[PDB]
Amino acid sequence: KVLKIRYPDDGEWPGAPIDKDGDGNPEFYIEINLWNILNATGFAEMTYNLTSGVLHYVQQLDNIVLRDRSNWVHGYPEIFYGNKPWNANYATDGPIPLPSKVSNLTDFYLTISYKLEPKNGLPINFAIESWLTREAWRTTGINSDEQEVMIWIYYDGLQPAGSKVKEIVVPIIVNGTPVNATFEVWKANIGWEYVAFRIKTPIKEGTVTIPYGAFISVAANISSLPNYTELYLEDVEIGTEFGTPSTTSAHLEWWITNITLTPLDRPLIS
């Protein structure tokens, strides 16, 4: 048994739950999410092997035209845990109770094993993203007084939105080795507040572990938003943004072979 979703054959917005114990509460949810592609030729397909646990993405898209060039990237094919606030999809069968208020959450490690193969110079990142919203069970998008936080652990040729704030150093684990890694902190106004942490030494494949609160505490600390502790950390999404307006061909393959969220006995926001 292999779960398969495919653009364009399954429609504009292919996606599916991953629900191992068939309890109607998925452990994860996957989406091809070509959200700024207006038209393209070719296909993108994601499969999830229900026995090996391997998620594999193959994308061969050409003649790409974007919905809105100012939104810059083409899409973000991804797997996520929690409530994704832009639609009715969710996955909450896991150890971290997302969505919950930031002020109520425990810290946790996020560990991902993956391997990226962008082709032909394609601008891409591998980025973890969370939305922070005033409503826990939002399904209709994001307002100007809410936040998006991204953590980029790989990039080539893509830059985050907005402007550079500072650099921080965060203890992470890369392929089993503790490393004090430097991230650039970027902050933008793009319809809501955006904060991205772009690592300075990108990791194209392997197993990387981050302490999630190191990043959410900085995003809180630098926010312009009012009543930040009212916000719900909705989800943790993991995927690859790819393309810029210079890109008309985007061929990419990747694999994610494990995602683990590990609770810690300390608050999320330090």
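Residue numbers run from 1 along the displayed sequence.
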*Between 247-255 and 16-24, name whichever shows the higher mean Cα B factor according to the PDB entry.*
16-24
*Out of 180-188 and 133-141, which stretch has the higher average CA B-factor listed in the record?*
133-141
*Of the choices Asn125, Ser163, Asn120, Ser113, which one's C-alpha carries the largest B-factor in the record?*
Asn120
*Between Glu31, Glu237, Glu230, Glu45, let me know which has the highest C-alpha B-factor in the entry?*
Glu230
*Where the record places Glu78 (Cα B-factor, split into thirds across the chain)*: lowest
*asked:* Quick check on the deposited entry: does the C-alpha B-factor of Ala91 sit in the lowest, middle or highest third of its chain?
replied: middle
_Quick check on the deposited entry: does the C-alpha B-factor of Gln147 sit in the lowest, middle or highest third of its chain?_
lowest
_Based on the deposited C-alpha B factors for this chain, I'd like to know if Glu167 is in the lowest, middle or highest third._
middle
*Is the Cα B-factor recorded for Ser52 in the lowest, middle or highest third of its chain?*
highest
